[PDB]
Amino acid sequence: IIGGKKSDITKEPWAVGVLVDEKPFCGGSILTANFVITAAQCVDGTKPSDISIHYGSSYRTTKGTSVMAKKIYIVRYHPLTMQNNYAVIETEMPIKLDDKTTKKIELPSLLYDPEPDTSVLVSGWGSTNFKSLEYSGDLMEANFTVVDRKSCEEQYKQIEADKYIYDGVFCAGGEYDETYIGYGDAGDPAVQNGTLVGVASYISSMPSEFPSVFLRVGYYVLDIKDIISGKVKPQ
């Protein structure tokens, strides 16, 4: 996270690390003791045994508990437009919730759409400046100001990138806050009123000065609940 500050896992006990064998780090969020949600770009086409979930720690890779993935659920991820950029990971063993450092985050109401000028709380271990691709050892947090979807699309259209902006995402941060999703921050939870309203995307082709992009969880709540009910085949 660029332009945030050092946090603590007790401030965002839903946040987890998603370690992917020989691939980029991502963040994630606890939905239930058995399910974690992250970005699709993190785990698309990756075997579950190559994926670890790191929970209950402020640190990126150490001092918590690690649990292997069992199944990966992807629902029509389109890497070209980054449409439907979410994945649900089922753990091999249950996550030990403790209402201190490890807690589930509630899903939002159907089609929830954060209002422009409101703020979402985002937390993760991605890069903390735009020159470095190195991850943060410490959990960082920031409030990202929500940018109107149309206005964000118009901005992205300037560099012909408007294809990344659609109803299934919302935009937050950017020049107004000087606050951005960094490399490694894909999958980071975005929280509003004690519910998970967004899941961070990372668009490698995008420079700074544009708002960051977040999966609109509301748009996909039926899909998330279908996955959790066992009504969706794993990858």
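Numbers for residues come from their place in the sequence shown, where the first is 1.
- The question of which stretch, 178-186 or 61-69, has the higher mean Cα B factor is settled in favour of 61-69.
- Per the PDB record, of the two stretches 89-97 and 126-134, 89-97 carries the greater mean B-factor over its C-alpha atoms.
- The residue among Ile37, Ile53, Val197, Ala200 whose C-alpha carries the highest B-factor in the deposited model is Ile53.
- Annotation for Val217: C-alpha temperature factor in the lowest third relative to the rest of the modelled chain, per the entry.
- Annotation for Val169: CA B-factor lies in the lowest third of the chain's modelled residues.
- In the PDB entry, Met82 places in the middle third of its chain by CA B-factor.
- Ranked by C-alpha B-factor against the other modelled residues of its chain, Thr102 falls in the highest third.
- Sort the modelled residues of the chain by CA B factor and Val191 lands in the lowest third.
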